[PDB]
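Student: Got a structure for you, written out below as structure tokens; questions coming shortly.
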Number of protein chains: 10
Amino acid sequence: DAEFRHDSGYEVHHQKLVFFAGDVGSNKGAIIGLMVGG
Amino acid sequence: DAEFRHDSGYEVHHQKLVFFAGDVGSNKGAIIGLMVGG
Amino acid sequence: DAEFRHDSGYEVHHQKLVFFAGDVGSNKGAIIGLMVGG
Amino acid sequence: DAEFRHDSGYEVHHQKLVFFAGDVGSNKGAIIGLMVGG
Amino acid sequence: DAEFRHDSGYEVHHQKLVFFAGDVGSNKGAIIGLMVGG
Amino acid sequence: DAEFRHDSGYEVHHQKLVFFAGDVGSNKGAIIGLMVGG
Amino acid sequence: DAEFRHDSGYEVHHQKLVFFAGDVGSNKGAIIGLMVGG
Amino acid sequence: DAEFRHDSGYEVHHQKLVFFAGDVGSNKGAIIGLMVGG
Amino acid sequence: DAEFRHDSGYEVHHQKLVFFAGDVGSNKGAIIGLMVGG
Amino acid sequence: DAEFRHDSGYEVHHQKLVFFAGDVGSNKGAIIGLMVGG
């Protein structure tokens, strides 16, 4: 007579002027805010 | 007599002026806000 | 006599001036807000 | 006597001035907001 | 006089006896290999 | 005098006995290989 | 006179007896290999 | 007669002018706020 | 006269009897190999 | 006259009988190999 209860909790996010908001599992590419050449 | 209960929780997101809002599982490409050349 | 109950939770999103709102499973292409050349 | 119950939850999205709202499973093409050349 | 060149690379996949081969941008439904009740 | 060149690369897939081969942008339904009840 | 060159590299995957091969950007649903109740 | 109860807690985030807000599992690519060359 | 060159490297993966092969950006759902109740 | 060169290196992975092979950016859900109740 087992009982399995899981709750991921309450998440509130307030974000302003955020370039990258989020979780990246794996990153091998390029993440650049601004690129100026020449 | 087992009971399996899962809840992913309450998610509230407020975002303004956010370039990339979201979760990337795997990133091998290029994510650039602005590209200026020459 | 098992009981399987899954709930994905309540998701509320408020977004303004967001270039990319969403989750990318895998990214190998190019995601650029603005491209200026020459 | 098993009972399988799945609920995907309540999703409310409010979006204004969003270039790309949505989830991309896999991305190998180009997603550019603006392209200026010459 | 800018030059923008992007290549997504060479992808070779060999898969045998794979339930789910592919990238999911966002998952809120149920993905179960086998369901047995009663 | 800008030059924009994009290539999505070479994709070779060999798959045998694969239930679901493909990329799902968003999944809220049920994907079950086998369902047995009673 | 800028030059932008991006390469996503060479990816070779060999997989056998893999339940879930792929990258998930965000997961709020249930991913279970086998469910047995009662 | 066991009872398994897990709670992920209450998370409140307030962020302004944040380049990268989020958790990266593994990082092998380049994350640069600004790139100026020439 | 700047030159931007990015390479994501060579990735070779050999996997056998792997339940979940892949990178998850964010996980709030349940990932269980086997569920037995009652 | 700047030159920006990035290489993500050579990655070779050999894995056998691995439940979860991959990088998780953020984990708030449940990851259980086996669940037995009752």
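Student: For the stretch B:1-14, how many residues are closer than 20 Å to D:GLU11 by Cα and surrounded by 24 or more Cβ atoms within 10 Å (Cβ to Cβ)?
Tutor: Looking only at that region, the number is 3.
Student: When you scan chain J, how many residues do you find that are of a type in the set (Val, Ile, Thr), closer than 17 Å to G:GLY33 by Cβ, within 13 Å of chain B (Cβ to nearest Cβ) and within 12 Å of the chain's Cα centre (by Cα)?
Tutor: 0
Methodologically, a virtual Cβ is constructed for each residue, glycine included, from the backbone with ideal geometry; neighbour enumeration extends over all protein chains shown. The numbers here are math on the coordinates, done by the rules we state, and not lab data.
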